[PDB]
């Protein structure tokens, strides 16, 4: 009986909608690309002419937009999603944005009797397809219990991480650490090579020692030692993530010196045209400056 809406049907939105449809959940949908609407309508989705129509028909609405500015335009802007929602509707914003962004939307939403929830996800498109996404939720207890059953169809590990802004927050904190750990690894590996260590032995030893991190596990063999930096996690995206951390630090008055430094190092890689390569490509900032070769 509960009605689900999708404002946009991207790489994530589409498989999520399909998984909901396979549980016989009523799903309304609009996307600017017609073919995306048609893809889900074939699995039983009900197409809508625009965002407002999805809003008016739905109880729980999913969205994932590129930034806070677009969220505000879509939600609060002229003829916005918020104005077209019935009271008691829940908006589930999976956009990669700062907690403060979500807090300010939740405020405007609350006045209209609309519940606004940050629920960023991890697992990618493959996790989206399999319905195994990790979903980190910032909400009241009452609202989390409201939406949890629907979340449990599209994801596997559903975390109630705190109140509003907490989903966005935990993602930002995780990705900040990934970026910092990688930036630290980049210069460390160059130093080790300069001091006569083969990357193989640094991998073997540090991998079993206290210096180890997921950053190193994920990147050293596949990207750094291969020298193939195609694919993976784009340096531009990692940089964007570090910027979101810095935005959160500014808004919360929390100094972030390591994050700040990592951000500028990755900016160096971008300056060198490496933005679309996996983020571990940032090691090339140091290789080129020193003539030390790690990525053999």
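Residue numbers count along the first chain shown, from 1.
- Two stretches are in play, 19 to 27 and 273 to 281, and the higher mean C-alpha B-factor belongs to 19 to 27.
- Across the two stretches, 211 to 219 and 118 to 126, the PDB entry reports the greater mean Cα temperature factor for 118 to 126.
- The residue among 146, 198, 194, 171 whose C-alpha atom has the highest B-factor in the PDB entry is 146.
- Considering 254, 261, 244, 39 together, the PDB entry gives 39 the largest C-alpha B factor.
- Sort the chain's modelled residues by C-alpha temperature factor and residue 73 lands in the highest third, per the entry.
- Ranked within its chain, residue 80 lands in the highest third, by CA B factor from the PDB record.
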